[PDB]
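What follows is a single structure, written as structure tokens, with notes after it.
Throughout, a chain's letter reflects where its sequence line sits, starting with A, and its residues are numbered from 1. Reckoned from all heavy atoms, side chains included, excluding hydrogens, waters and symmetry mates.
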Amino acid sequence: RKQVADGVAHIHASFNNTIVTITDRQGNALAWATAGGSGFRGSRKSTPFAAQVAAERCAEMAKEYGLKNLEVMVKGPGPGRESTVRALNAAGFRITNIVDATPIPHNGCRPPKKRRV
RNA sequence: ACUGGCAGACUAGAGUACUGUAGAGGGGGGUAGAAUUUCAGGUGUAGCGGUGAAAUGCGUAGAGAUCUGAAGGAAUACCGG
């Protein structure tokens, strides 16, 4: 382990799962945790609370590297946007900046077809 | 008288010249930025993805995530009504 104190939390909140990848500021991965690896499956992955746990699990694995300050980059529309960020505050970590990093095409590729469900 | 013909006349219709104005009008060429995919390398480690739920699929040969770069094609967020 290289001990780092300043880092970046990259919350990837899909509508299905939520991934949390705490990195150094140079974007090398240190820890990751996912709603659908932190216990919850099918329906319950896609809940705030599953993502919270992902964040918690990742947080208490990020302390091995001795991280202290994180910037949160919240990327996507999922339920695990807000909850993960709370779970980083309420796990010690000082949050410096909360960026949104959602990829927005400036008209680009034709999305998949509409679901005639 | 009215319609037509013929020979004139007229400027209200129609058109011309002049100067501006707005405009995703058209055709050609170039270029920008965002994003997707693929690929290469770094970090990293067990999931990812998907759904009503799931399975097919993808992943330990290292995925997904994340960083950087590259290469392509297509379409031009906001403005925007």
Side-chain angles (χ1 to χ4, degrees):
Chain A
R1 306 171 192 172
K2 300 178 185 181
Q3 298 297 290
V4 203
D6 305 295
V8 184
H10 299 259
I11 283 66
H12 179 274
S14 64
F15 272 140
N16 297 322
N17 197 62
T18 299
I19 304 179
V20 185
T21 307
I22 297 181
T23 61
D24 61 8
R25 290 200 169 184
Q26 303 131 13
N28 302 288
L30 301 178
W32 62 263
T34 64
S38 312
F40 311 84
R41 292 181 205 177
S43 54
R44 309 149 309 183
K45 297 190 307 183
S46 72
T47 65
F49 171 70
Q52 161 174 356
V53 175
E56 288 171 5
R57 202 178 71 169
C58 207
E60 297 140 19
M61 287 162 59
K63 293 167 188 175
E64 295 175 2
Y65 299 88
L67 279 162
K68 309 175 195 169
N69 317 308
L70 300 173
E71 162 185 63
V72 182
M73 291 196 182
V74 186
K75 175 167 170 183
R81 290 180 59 96
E82 302 177 359
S83 60
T84 44
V85 196
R86 302 154 190 166
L88 292 172
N89 189 65
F93 290 104
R94 190 188 76 178
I95 307 184
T96 66
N97 182 5
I98 318 177
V99 181
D100 185 300
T102 307
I104 292 189
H106 292 347
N107 265 20
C109 289
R110 176 162 185 149
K113 78 183 188 184
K114 184 195 165 183
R115 300 175 78 239
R116 297 165 292 101
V117 278

Check nucleotides 52-57 of chain B for protein N or O atoms closer than 3.5 Å to its own N or O atoms and list the pairs.
none

Exercise. Could you note down all residue pairs passing ring-ring contact (aromatic ring centres under 6.0 Å, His included) where residues 81-117 of chain A supplies at least one of them, sequence neighbours left out?
Key: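 For residues 81-117 of chain A, and leaving out neighbouring residues, there are no ring-ring contact (aromatic ring centres under 6.0 Å, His included) pairs at all.
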
Exercise. Can you run through RNA chain B from 5' to 3' and write each base as (, ), [, ], | or . depending on how it pairs? Watson-Crick or G-U wobble, both distances under 3.5 Å.
Key: ...............................(....(((((((...((........))......)))))))....).....

Among [range], which residues get a heavy atom nearer than 4.0 Å to RNA chain B?
range: residues 66-83 of chain A; result: A:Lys75
range: residues 16-30 of chain A; result: A:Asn16, A:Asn17, A:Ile19, A:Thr21, A:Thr23, A:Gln26, A:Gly27, A:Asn28, A:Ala29, A:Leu30
range: residues 31-38 of chain A; result: A:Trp32, A:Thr34, A:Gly36, A:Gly37

Pseudorotation half of [N] (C1'-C2'-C3'-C4': positive north, negative south):
N: B:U16; value: north
N: B:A54; value: north
N: B:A61; value: south
N: B:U43; value: north

Considering only distance and modelled atom types, tabulate donor-acceptor pairs under 3.5 Å from the side chains of residues 110-117 of chain A, sequence neighbours left out.
none

Quiz item: Just by protein heavy atoms under 4.0 Å, how would nucleotides 72-77 of chain B read 5' to 3' in B, S and -?
Solution: -BBBSB

Quiz item: Quick one: side-chain hydrogen bond (donor to acceptor under 3.5 Å, both in side chains) pairs with a partner in residues 5-15 of chain A, sequence neighbours left out?
Solution: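 Sorted result for residues 5-15 of chain A: A:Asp6-A:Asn69, A:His10-A:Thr23.
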
Self-check item: Listed once per pair and sorted, the side-chain hydrogen bond (donor to acceptor under 3.5 Å, both in side chains) pairs that draw on residues 72-88 of chain A, sequence neighbours left out
Solution: A:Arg81-A:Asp100, A:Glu82-A:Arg86

Could you go through residues 60-68 of chain A and list every donor-acceptor pair under 3.5 Å that involves a side-chain atom there, pairing it with any protein atom two or more places apart or in another chain?
residue	atom	partner	partner atom	Å
A:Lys63	NZ	A:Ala91	O	3.3
A:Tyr65	OH	A:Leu30	O	3.2

Quiz prompt | With sequence neighbours excluded, residues passing ring-ring contact (aromatic ring centres under 6.0 Å, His included) with A:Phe15 | solution =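 Checked A:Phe15 against ring-ring contact (aromatic ring centres under 6.0 Å, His included); zero matches.
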
